[PDB]
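Below is target-v2.cif, holding mmCIF, N, CA and C atoms.
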data_work
#
loop_
_atom_site.label_atom_id
_atom_site.label_comp_id
_atom_site.auth_asym_id
_atom_site.auth_seq_id
_atom_site.Cartn_x
_atom_site.Cartn_y
_atom_site.Cartn_z
N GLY A 1 -2.03 -103.85 43.18
CA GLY A 1 -3.12 -103.57 44.13
C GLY A 1 -3.31 -104.70 45.11
N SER A 2 -2.77 -104.53 46.31
CA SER A 2 -2.86 -105.55 47.34
C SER A 2 -4.29 -105.69 47.87
N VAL A 3 -5.07 -104.63 47.75
CA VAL A 3 -6.46 -104.65 48.21
C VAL A 3 -7.37 -105.18 47.10
N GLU A 4 -6.95 -104.97 45.85
CA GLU A 4 -7.69 -105.43 44.69
C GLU A 4 -7.91 -106.93 44.76
N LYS A 5 -6.82 -107.71 44.80
CA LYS A 5 -6.93 -109.15 44.91
C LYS A 5 -7.76 -109.66 43.74
N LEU A 6 -7.35 -109.23 42.52
CA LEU A 6 -8.02 -109.56 41.26
C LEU A 6 -9.16 -108.59 40.95
N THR A 7 -10.06 -108.37 41.89
CA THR A 7 -11.18 -107.55 41.62
C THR A 7 -11.73 -106.88 42.92
N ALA A 8 -11.47 -105.61 43.12
CA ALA A 8 -12.13 -104.87 44.21
C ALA A 8 -13.46 -104.34 43.70
N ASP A 9 -13.55 -104.30 42.38
CA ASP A 9 -14.74 -103.84 41.67
C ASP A 9 -15.92 -104.76 41.98
N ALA A 10 -15.66 -106.06 41.96
CA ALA A 10 -16.69 -107.06 42.27
C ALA A 10 -17.25 -106.90 43.68
N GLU A 11 -16.43 -106.40 44.59
CA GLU A 11 -16.86 -106.26 45.98
C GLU A 11 -17.74 -105.03 46.12
N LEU A 12 -17.33 -103.95 45.47
CA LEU A 12 -18.12 -102.72 45.47
C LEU A 12 -19.45 -102.94 44.74
N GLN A 13 -19.44 -103.88 43.80
CA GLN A 13 -20.66 -104.24 43.06
C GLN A 13 -21.63 -104.97 43.98
N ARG A 14 -21.10 -105.95 44.71
CA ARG A 14 -21.92 -106.72 45.65
C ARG A 14 -22.49 -105.79 46.71
N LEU A 15 -21.64 -104.89 47.21
CA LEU A 15 -22.05 -103.92 48.21
C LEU A 15 -23.14 -103.00 47.66
N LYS A 16 -23.00 -102.62 46.40
CA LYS A 16 -23.99 -101.77 45.73
C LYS A 16 -25.36 -102.45 45.68
N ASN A 17 -25.36 -103.75 45.43
CA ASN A 17 -26.62 -104.51 45.38
C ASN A 17 -27.13 -104.78 46.77
N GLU A 18 -26.20 -104.92 47.70
CA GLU A 18 -26.53 -105.13 49.10
C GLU A 18 -27.36 -103.96 49.61
N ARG A 19 -26.94 -102.75 49.23
CA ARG A 19 -27.65 -101.55 49.64
C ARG A 19 -29.03 -101.49 48.99
N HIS A 20 -29.13 -101.98 47.74
CA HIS A 20 -30.42 -102.04 47.04
C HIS A 20 -31.44 -102.83 47.86
N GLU A 21 -30.98 -103.92 48.45
CA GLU A 21 -31.83 -104.77 49.28
C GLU A 21 -32.24 -104.05 50.56
N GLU A 22 -31.37 -103.18 51.04
CA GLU A 22 -31.61 -102.47 52.29
C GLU A 22 -32.54 -101.29 52.07
N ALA A 23 -32.47 -100.71 50.88
CA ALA A 23 -33.30 -99.55 50.57
C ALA A 23 -34.69 -100.00 50.20
N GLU A 24 -34.78 -101.22 49.71
CA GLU A 24 -36.06 -101.81 49.36
C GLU A 24 -36.84 -102.09 50.63
N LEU A 25 -36.16 -102.68 51.60
CA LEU A 25 -36.77 -102.96 52.90
C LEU A 25 -37.21 -101.66 53.58
N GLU A 26 -36.45 -100.59 53.36
CA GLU A 26 -36.82 -99.27 53.87
C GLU A 26 -38.19 -98.87 53.34
N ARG A 27 -38.39 -99.09 52.05
CA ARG A 27 -39.65 -98.76 51.39
C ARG A 27 -40.73 -99.78 51.75
N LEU A 28 -40.33 -101.03 51.88
CA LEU A 28 -41.26 -102.12 52.20
C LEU A 28 -41.92 -101.87 53.55
N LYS A 29 -41.12 -101.46 54.53
CA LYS A 29 -41.63 -101.18 55.87
C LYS A 29 -42.49 -99.93 55.87
N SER A 30 -42.35 -99.10 54.84
CA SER A 30 -43.13 -97.88 54.74
C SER A 30 -44.53 -98.21 54.23
N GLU A 31 -44.59 -99.05 53.21
CA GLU A 31 -45.85 -99.47 52.62
C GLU A 31 -46.61 -100.39 53.56
N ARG A 32 -45.94 -101.45 53.99
CA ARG A 32 -46.52 -102.48 54.86
C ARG A 32 -46.91 -101.92 56.23
N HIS A 33 -46.34 -100.77 56.59
CA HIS A 33 -46.60 -100.12 57.88
C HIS A 33 -48.10 -99.98 58.16
N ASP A 34 -48.89 -99.74 57.13
CA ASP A 34 -50.35 -99.58 57.29
C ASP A 34 -51.06 -100.92 57.16
N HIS A 35 -50.33 -101.91 56.73
CA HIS A 35 -50.88 -103.23 56.48
C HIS A 35 -50.74 -104.12 57.70
N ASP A 36 -49.94 -103.68 58.67
CA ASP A 36 -49.68 -104.46 59.89
C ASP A 36 -50.94 -104.57 60.74
N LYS A 37 -51.80 -103.56 60.64
CA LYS A 37 -53.06 -103.54 61.37
C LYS A 37 -54.03 -104.55 60.76
N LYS A 38 -53.73 -104.97 59.54
CA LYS A 38 -54.57 -105.90 58.81
C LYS A 38 -53.99 -107.31 58.90
N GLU A 39 -52.69 -107.42 58.73
CA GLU A 39 -52.01 -108.71 58.78
C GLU A 39 -50.53 -108.52 59.13
N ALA A 40 -49.94 -109.54 59.72
CA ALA A 40 -48.54 -109.51 60.09
C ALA A 40 -47.66 -109.77 58.85
N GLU A 41 -47.55 -108.75 57.96
CA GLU A 41 -46.79 -108.85 56.69
C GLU A 41 -45.39 -109.45 56.87
N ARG A 42 -44.72 -109.08 57.94
CA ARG A 42 -43.41 -109.49 58.19
C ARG A 42 -43.14 -109.22 59.64
N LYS A 43 -42.31 -110.02 60.21
CA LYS A 43 -41.92 -109.90 61.63
C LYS A 43 -41.55 -108.47 62.03
N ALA A 44 -40.87 -107.73 61.15
CA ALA A 44 -40.53 -106.31 61.42
C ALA A 44 -41.80 -105.48 61.72
N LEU A 45 -42.90 -105.90 61.14
CA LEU A 45 -44.19 -105.25 61.35
C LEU A 45 -44.92 -105.93 62.51
N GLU A 46 -44.82 -107.25 62.54
CA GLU A 46 -45.46 -108.09 63.57
C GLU A 46 -44.92 -107.74 64.96
N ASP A 47 -43.64 -107.36 65.01
CA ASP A 47 -42.99 -107.01 66.28
C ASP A 47 -43.66 -105.80 66.90
N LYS A 48 -43.91 -104.79 66.08
CA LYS A 48 -44.65 -103.61 66.51
C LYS A 48 -45.97 -103.99 67.18
N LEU A 49 -46.67 -104.94 66.59
CA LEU A 49 -47.90 -105.46 67.17
C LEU A 49 -47.58 -106.21 68.47
N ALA A 50 -46.65 -107.15 68.36
CA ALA A 50 -46.19 -107.95 69.50
C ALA A 50 -45.48 -107.09 70.55
N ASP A 51 -46.27 -106.38 71.34
CA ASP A 51 -45.75 -105.52 72.39
C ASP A 51 -45.11 -106.32 73.51
N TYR A 52 -43.80 -106.38 73.49
CA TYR A 52 -43.04 -107.10 74.50
C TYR A 52 -41.79 -106.32 74.88
#
Written as structure tokens, how would this file's structure read?
Amino acid sequence: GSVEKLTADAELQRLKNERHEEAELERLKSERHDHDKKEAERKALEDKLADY
């Protein structure tokens, strides 16, 4: 396996966890979305406020 390079499994594993982080942020922006009017939870929310 020229693509394996010892472990292609390890890469698909990292990618699997990478997506976990991305799906969490998906949910985070959903929850915090109502909290932006109260506080700038995160720049992704603060930007919406920061009309530029």
Mind giving me the axis-aligned box for region 5-20 of chain A with 3 Å on every side, centre plus edges in Å to one decimal, as JSON?
{"center_x": -19.1, "center_y": -105.6, "center_z": 45.3, "size_x": 30.6, "size_y": 14.2, "size_z": 14.7}
Selection result of the PyMOL selection byres (((chain A and resi 48 and name CA) around 12) and name CA) on this file, as a PDB file with N, CA and C atoms, keeping the file's coordinate frame:
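Below you can see expr-v8.pdb, which holds the result:
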ATOM      1  N   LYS A  29     -41.120-101.460  54.530  1.00  0.00           N
ATOM      2  CA  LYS A  29     -41.630-101.180  55.870  1.00  0.00           C
ATOM      3  C   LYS A  29     -42.490 -99.930  55.870  1.00  0.00           C
ATOM      4  N   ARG A  32     -45.940-101.450  53.990  1.00  0.00           N
ATOM      5  CA  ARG A  32     -46.520-102.480  54.860  1.00  0.00           C
ATOM      6  C   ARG A  32     -46.910-101.920  56.230  1.00  0.00           C
ATOM      7  N   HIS A  33     -46.340-100.770  56.590  1.00  0.00           N
ATOM      8  CA  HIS A  33     -46.600-100.120  57.880  1.00  0.00           C
ATOM      9  C   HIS A  33     -48.100 -99.980  58.160  1.00  0.00           C
ATOM     10  N   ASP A  34     -48.890 -99.740  57.130  1.00  0.00           N
ATOM     11  CA  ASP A  34     -50.350 -99.580  57.290  1.00  0.00           C
ATOM     12  C   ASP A  34     -51.060-100.920  57.160  1.00  0.00           C
ATOM     13  N   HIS A  35     -50.330-101.910  56.730  1.00  0.00           N
ATOM     14  CA  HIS A  35     -50.880-103.230  56.480  1.00  0.00           C
ATOM     15  C   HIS A  35     -50.740-104.120  57.700  1.00  0.00           C
ATOM     16  N   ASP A  36     -49.940-103.680  58.670  1.00  0.00           N
ATOM     17  CA  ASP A  36     -49.680-104.460  59.890  1.00  0.00           C
ATOM     18  C   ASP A  36     -50.940-104.570  60.740  1.00  0.00           C
ATOM     19  N   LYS A  37     -51.800-103.560  60.640  1.00  0.00           N
ATOM     20  CA  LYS A  37     -53.060-103.540  61.370  1.00  0.00           C
ATOM     21  C   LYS A  37     -54.030-104.550  60.760  1.00  0.00           C
ATOM     22  N   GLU A  39     -52.690-107.420  58.730  1.00  0.00           N
ATOM     23  CA  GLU A  39     -52.010-108.710  58.780  1.00  0.00           C
ATOM     24  C   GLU A  39     -50.530-108.520  59.130  1.00  0.00           C
ATOM     25  N   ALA A  40     -49.940-109.540  59.720  1.00  0.00           N
ATOM     26  CA  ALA A  40     -48.540-109.510  60.090  1.00  0.00           C
ATOM     27  C   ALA A  40     -47.660-109.770  58.850  1.00  0.00           C
ATOM     28  N   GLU A  41     -47.550-108.750  57.960  1.00  0.00           N
ATOM     29  CA  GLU A  41     -46.790-108.850  56.690  1.00  0.00           C
ATOM     30  C   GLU A  41     -45.390-109.450  56.870  1.00  0.00           C
ATOM     31  N   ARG A  42     -44.720-109.080  57.940  1.00  0.00           N
ATOM     32  CA  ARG A  42     -43.410-109.490  58.190  1.00  0.00           C
ATOM     33  C   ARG A  42     -43.140-109.220  59.640  1.00  0.00           C
ATOM     34  N   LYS A  43     -42.310-110.020  60.210  1.00  0.00           N
ATOM     35  CA  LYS A  43     -41.920-109.900  61.630  1.00  0.00           C
ATOM     36  C   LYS A  43     -41.550-108.470  62.030  1.00  0.00           C
ATOM     37  N   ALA A  44     -40.870-107.730  61.150  1.00  0.00           N
ATOM     38  CA  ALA A  44     -40.530-106.310  61.420  1.00  0.00           C
ATOM     39  C   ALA A  44     -41.800-105.480  61.720  1.00  0.00           C
ATOM     40  N   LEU A  45     -42.900-105.900  61.140  1.00  0.00           N
ATOM     41  CA  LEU A  45     -44.190-105.250  61.350  1.00  0.00           C
ATOM     42  C   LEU A  45     -44.920-105.930  62.510  1.00  0.00           C
ATOM     43  N   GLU A  46     -44.820-107.250  62.540  1.00  0.00           N
ATOM     44  CA  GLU A  46     -45.460-108.090  63.570  1.00  0.00           C
ATOM     45  C   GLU A  46     -44.920-107.740  64.960  1.00  0.00           C
ATOM     46  N   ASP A  47     -43.640-107.360  65.010  1.00  0.00           N
ATOM     47  CA  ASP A  47     -42.990-107.010  66.280  1.00  0.00           C
ATOM     48  C   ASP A  47     -43.660-105.800  66.900  1.00  0.00           C
ATOM     49  N   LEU A  49     -46.670-104.940  66.590  1.00  0.00           N
ATOM     50  CA  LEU A  49     -47.900-105.460  67.170  1.00  0.00           C
ATOM     51  C   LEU A  49     -47.580-106.210  68.470  1.00  0.00           C
ATOM     52  N   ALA A  50     -46.650-107.150  68.360  1.00  0.00           N
ATOM     53  CA  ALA A  50     -46.190-107.950  69.500  1.00  0.00           C
ATOM     54  C   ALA A  50     -45.480-107.090  70.550  1.00  0.00           C
ATOM     55  N   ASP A  51     -46.270-106.380  71.340  1.00  0.00           N
ATOM     56  CA  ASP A  51     -45.750-105.520  72.390  1.00  0.00           C
ATOM     57  C   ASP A  51     -45.110-106.320  73.510  1.00  0.00           C
ATOM     58  N   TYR A  52     -43.800-106.380  73.490  1.00  0.00           N
ATOM     59  CA  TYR A  52     -43.040-107.100  74.500  1.00  0.00           C
ATOM     60  C   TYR A  52     -41.790-106.320  74.880  1.00  0.00           C
TER      61      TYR A  52
END
(request) From a DSSP calculation on the backbone, collect every residue of chain A in helix (DSSP H, G or I) and output the set as a ChimeraX atom specification. (result) /A:9-34,43-49
(message) Report, in Å to a single decimal, how far apart atom N of residue 14 (chain A) and CA of residue 28 (chain A) are.
(response) 21.8 Å
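Atom N of residue 1 (chain A) to atom C of residue 15 (chain A) spans 21.6 Å [interatomic distance, one decimal].
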(request) Please indicate the distance in Å from CA of residue 5 (chain A) to CA of residue 19 (chain A), rounded to one decimal place. (result) 22.6 Å
